[PDB]
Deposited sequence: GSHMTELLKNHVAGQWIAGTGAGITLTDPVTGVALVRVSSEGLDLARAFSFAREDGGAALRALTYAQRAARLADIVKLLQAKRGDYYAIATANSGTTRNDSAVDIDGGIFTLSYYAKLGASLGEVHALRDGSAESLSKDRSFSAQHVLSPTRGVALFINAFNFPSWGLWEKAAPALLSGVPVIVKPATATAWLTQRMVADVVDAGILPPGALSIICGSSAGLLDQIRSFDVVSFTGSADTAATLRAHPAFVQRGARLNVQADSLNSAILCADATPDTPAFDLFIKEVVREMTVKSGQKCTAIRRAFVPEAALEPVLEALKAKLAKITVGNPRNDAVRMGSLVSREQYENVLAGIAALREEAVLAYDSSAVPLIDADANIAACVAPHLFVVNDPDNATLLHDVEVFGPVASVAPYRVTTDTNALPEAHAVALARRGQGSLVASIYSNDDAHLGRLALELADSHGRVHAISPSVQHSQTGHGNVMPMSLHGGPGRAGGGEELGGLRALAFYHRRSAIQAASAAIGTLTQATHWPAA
């Protein structure tokens, strides 16, 4: 009578939604945590204030000045980490180590952009490439420039990364001088809203630079105009709804989508069980199934191995999966916590039942008692490993994503004369993915194989014994590398270091007297 109603931050003010709100709950214990509501907000005013007051204030600052503000946010969020870990344990049901992927991944990505940003200097627009002569006598030349878009950036983010989804987008947006309006997924919104409230309360950014709305999305796209940008992370079906809106179809606002992806792991023909690359493959597949209970868009969903390796691979995955204990993340003995909600628990079990129509269930620890959790309250699903003997004729293998601790292993036919050619073709049947990982003992071979996967995967991640200590993980997104993929993964691009700024800028060719191209360059 009652949990806290979290306020929205719109038009420079904290404003509660009306009504009873939507309750966020702990997915292990069932406790009611906080509520959200966007009912009754003045959305025209929220967008116009951000666009006008926020954008004008951010563009008045140089790139290096906005970078310095990002570095102050880093220090603030670092100081408040204990509060954020408590929210993540309760609202997301994740182990400490899994909560770190979201909290400390967010902070690390914001700090990387704060450091990249300081290098951009005390200017208000960036040069794109070098000057080029447009005349034999070099009297008339051209220089391309990037200028901040005079709009707002609206982020409609997914439930799995309330912190990193915010900061992976907000860091390049704010560095680019574009005000941010974040709309986190309701079930896990609390951490996003507490991080925004901490940053707003600190007065690091100007009024209007950072707004948040939690609750119903109704009305938001209707406020988007032609110079604004929208970044959506979520299901392919929802993305298709969004793409049809007049903001994009009529008004031409930029849209990035990152959607569902059936990411692959390919065990190379040389990586037989008596070689060190084989255990790296087994370990990475079990990690990606179990971190966050498989709720990473980049997790391994399909693992292709030589026919001759199939049984040794199943045996080694079963042995390693059996060490994953499941239950309340407050217990230090737990290796894997819950899904984000009981609704997701039901959705995952329905996905598992669907895949089982067409695959053999090779490992399922559902009957292992949970630790410190009631299976009728909590949203804990145990690891399930499927085997699909004939991946050429399988329907569901290459089409159906289960967003939980669930993956399928399938054999491929080694080519005797790349040995992994059939595995590349199978990977492609995922219709475009965020990431594939490839495992061999031969580094040079991995550089050649990577090129064959590049046109269908936004990232190719090569693990071999030489980098056992340094490879950064199949599903962990490093901010200097591109994040996105073609086709089913949404056709989007994020991060990639400075590449992420282009989405927030308009590019222009300036063609002028060569002296003027000089004075341009002194300002850029």
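Novice: Counting from 1 along the deposited sequence, which stretches were left out of the model?
Specialist: Missing CA coords at 1 to 2, 420 to 422, 530 to 534.
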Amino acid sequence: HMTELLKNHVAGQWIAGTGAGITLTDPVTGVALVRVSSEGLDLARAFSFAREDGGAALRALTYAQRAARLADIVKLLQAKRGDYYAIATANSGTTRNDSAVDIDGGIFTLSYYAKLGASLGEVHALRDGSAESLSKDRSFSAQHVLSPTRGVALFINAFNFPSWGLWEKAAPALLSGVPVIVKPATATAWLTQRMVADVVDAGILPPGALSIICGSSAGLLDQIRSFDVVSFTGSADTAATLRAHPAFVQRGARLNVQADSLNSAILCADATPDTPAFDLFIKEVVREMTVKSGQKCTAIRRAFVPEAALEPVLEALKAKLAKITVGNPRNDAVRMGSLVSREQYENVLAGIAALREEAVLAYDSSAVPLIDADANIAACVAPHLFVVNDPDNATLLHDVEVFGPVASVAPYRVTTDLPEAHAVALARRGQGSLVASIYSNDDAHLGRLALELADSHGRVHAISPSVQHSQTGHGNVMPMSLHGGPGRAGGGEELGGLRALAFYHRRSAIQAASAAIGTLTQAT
From here on, numbers count along this sequence of modelled residues.
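Novice: With respect to the recorded C-alpha B factors, which stretch has the higher mean value, 427 to 435 or 119 to 127?
Specialist: That would be 119 to 127.
Novice: Would you tell me which stretch averages the higher CA B-factor in the PDB entry, 439 to 447 or 290 to 298?
Specialist: It is 439 to 447.
Novice: Which one, 418, 107, 303, 379, has the peak C-alpha temperature factor per the PDB entry?
Specialist: Most elevated C-alpha B-factor of the set, per the entry: 418.
Novice: Looking at 83, 102, 284, 237, which has the highest CA B-factor as recorded?
Specialist: Max CA B-factor in the entry, restricted to 83, 102, 284, 237: 237.
Novice: Using only modelled residues of the chain, where does the Cα B factor of residue 500 rank: lowest third, middle third or highest third?
Specialist: Lowest third.
Novice: Looking at the C-alpha B-factor of residue 514, is it in the lowest, middle or highest third of its chain?
Specialist: Its C-alpha B-factor belongs to the highest third of this chain's values.
Novice: Within this chain's modelled residues, let me know which third the CA B factor of residue 256 belongs to: lowest, middle or highest.
Specialist: Tercile = lowest for this residue's CA B-factor.
Novice: Quick one: classify residue 203 as lowest, middle or highest third of the chain based on its Cα B-factor.
Specialist: CA B-factor rank for residue 203: highest third.
Novice: Would you mind ranking residue 222 by its C-alpha B-factor against the rest of the chain and naming the third, lowest, middle or highest?
Specialist: Tercile = middle for this residue's CA B-factor.
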